[PDB]
Amino acid sequence: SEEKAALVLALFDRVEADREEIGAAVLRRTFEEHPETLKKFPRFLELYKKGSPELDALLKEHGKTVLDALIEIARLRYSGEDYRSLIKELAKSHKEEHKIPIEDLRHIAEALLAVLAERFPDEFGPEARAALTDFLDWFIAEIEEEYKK
Ligand code: HEM
């Protein structure tokens, strides 16, 4: 467990340094594999539909925002700090404001696993994959629990 905790933090350290490219790749992977998920993101849907040249920059911008939230929550959890405030307002905005089902959130987490296996093939081994999958399963269950309130 303590090994997995260190693997998660070290992995997110490397993701943080390349968050714009990785975040854009995660959003691209999610939207291509799940057009039903892209439909629930109106701004990205219209930029995709119209072949807008601004799409790449906005994918990098928002992809960094998504990864920054995951990185911060992981650092708070595995350091014994209070992450409840971030989990609640992230779940509030996505259930009430953005109206995003939990399954679409899983598509993002599944895309992050697939992107990291491609971007870090010699570091993202079985230990790193199992540790990140455990955190992502934990993150989804926490948001899902806040949904059921
Ligand atoms: C692990 C999954 C996800 C994470 C960590 C995440 C994180 C975030 C964060 C930190 C923000 C900015 C602050 C906020 O609005 O709360 C945001 C905004 C937003 N999210 Fe996500 N999100 C996830 C999944 C999704 C998915 C799958 C969709 C839609 C298909 C979505 C739709 C949106 C929208 C529409 C916004 C507003 C962006 C804007 O107004 O510029 N989220 N998300």
Side-chain angles (χ1 to χ4, degrees), residues 4-5 7-120 123-124 128-149:
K4 287 196 273 71
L7 273 186
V8 171
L9 299 181
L11 188 49
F12 269 140
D13 273 359
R14 300 193 47 163
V15 170
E16 191 183 32
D18 206 11
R19 50 192 163 185
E20 283 190 353
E21 289 297 322
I22 292 181
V26 170
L27 292 181
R28 280 191 175 101
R29 174 64 67 96
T30 306
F31 294 148
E32 181 185 3
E33 296 268 338
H34 302 275
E36 70 273 18
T37 298
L38 171 64
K39 182 263 159 193
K40 308 195 187 68
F41 211 133
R43 180 140 141 183
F44 276 133
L45 176 63
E46 290 310 311
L47 297 161
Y48 267 86
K49 275 178 142 82
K50 294 184 295 197
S52 174
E54 324 158 68
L55 175 63
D56 180 66
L58 288 151
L59 287 170
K60 294 176 179 178
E61 181 180 14
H62 190 67
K64 172 185 179 181
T65 299
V66 176
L67 294 186
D68 276 338
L70 290 167
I71 289 167
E72 170 91 318
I73 289 172
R75 287 172 179 168
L76 291 179
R77 196 211 172 192
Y78 295 101
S79 65
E81 302 292 339
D82 192 9
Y83 53 82
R84 262 291 184 268
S85 170
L86 282 168
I87 295 289
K88 286 184 174 299
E89 59 197 36
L90 196 61
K92 173 204 239 302
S93 59
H94 292 69
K95 173 155 187 256
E96 303 176 5
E97 185 178 4
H98 310 322
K99 318 270 218 312
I100 306 304
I102 289 294
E103 185 70 12
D104 291 291
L105 269 46
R106 296 191 176 101
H107 294 344
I108 296 288
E110 290 156 348
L112 175 60
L113 289 171
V115 167
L116 289 192
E118 294 174 3
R119 296 295 280 250
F120 305 133
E123 304 90 334
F124 196 72
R129 169 181 287 272
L132 183 61
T133 306
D134 269 50
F135 164 76
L136 293 173
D137 289 351
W138 173 89
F139 165 76
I140 294 297
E142 289 286 314
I143 297 291
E144 182 188 44
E145 177 59 49
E146 275 295 316
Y147 268 44
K148 308 182 299 184
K149 278 183 54 185

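Below, all heavy atoms of this structure are taken into account, side chains as well, without hydrogens, waters or symmetry copies. Residue numbers count from 1 along this sequence. Whatever order the structure lists them in is the order used to number ligands and atoms, beginning at 1.
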Give the residue, atom name and distance (to 0.1 Å) of the protein heavy atom nearest atom 16 (O) of ligand 1. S93 OG, 2.9 Å
What I want to find out is whether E118 reaches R29 closely enough, with some N-O distance under 4.0 Å, to be called a salt bridge. yes
Run the salt-bridge test on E110 and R106 with the 4.0 Å N-O cut-off and return the result as yes or no. no
Before signing off on this row, confirm whether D104 and ligand 1 have an N or O atom pair separated by under 3.5 Å. no
Under 4.0 Å from any heavy atom of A69, which atoms of ligand 1 are there? 10 (C)
Under a 4.5 Å cut-off applied to non-hydrogen side-chain atoms, are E142 and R84 in contact? yes
May I ask you to check if ligand 1 and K40 share an N or O to N or O distance below 3.5 Å? no
Give me the nearest non-hydrogen protein atom to atom 15 (O) of ligand 1 as residue plus atom name, then the distance to 0.1 Å. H98 NE2, 3.1 Å
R43 and ligand 1 - part of the residue with a heavy-atom distance under 4.0 Å: neither
At under 4.0 Å between heavy atoms, is it the side chain or the backbone of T37 that contacts ligand 1, or both, or neither? both
One thing to verify: whether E54 and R43 come together as a salt bridge, which I'm taking to mean a side-chain N less than 4.0 angstrom from a carboxylate O. no
Distance under 6.0 Å and angle within 45° of the ring axis: does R14 meet both against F120? yes
Closer than 4.0 angstrom, basic N to acidic O: yes or no for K149 and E146? yes
For atom 26 (C) of ligand 1, what's the nearest protein heavy-atom neighbour? Residue, atom name and distance, please. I100 CG2, 3.9 Å
What distance separates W138 CH2 from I143 CD1, expressed to the nearest 0.5 Å? 8.5 Å
Could you walk me through whether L112 and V66 pass the side-chain contact (heavy atoms from CB on, under 4.5 Å) check? CA-CA 11 Å; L112 175 60; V66 176; over 6 Å; no
Any N or O of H94 closer than 3.5 Å to N or O of ligand 1: yes
With backbone taken as N, CA, C and O and side chain as the heavy atoms from C-beta onward, which portion of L38 lies under 4.0 Å from ligand 1: side chain, backbone, both, or neither? neither
Flag: protein heavy atom within less than 4.0 Å of atom 13 (C) of ligand 1: no
Ligand 1 contact by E97, heavy-atom criterion under 4.0 angstrom: no
Protein heavy atom at shortest distance from atom 11 (C) of ligand 1: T65 CG2, 4.0 Å
Answer yes when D104 and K99 have at least one side-chain N-carboxylate O distance shorter than 4.0 Å, and no when they do not. no
Candidate with minimal heavy-atom separation from atom 35 (C) of ligand 1, of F41, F139, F44: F41
I'd like to know if atom 40 (O) of ligand 1 has any protein heavy atom within a distance of less than 4.0 Å. no
Is the shortest side-chain N to carboxylate O distance from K39 to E36 below 4.0 Å? no
What atoms of ligand 1 come within less than 4.0 Å of a heavy atom belonging to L90? 7 (C), 8 (C), 9 (C), 10 (C), 16 (O)
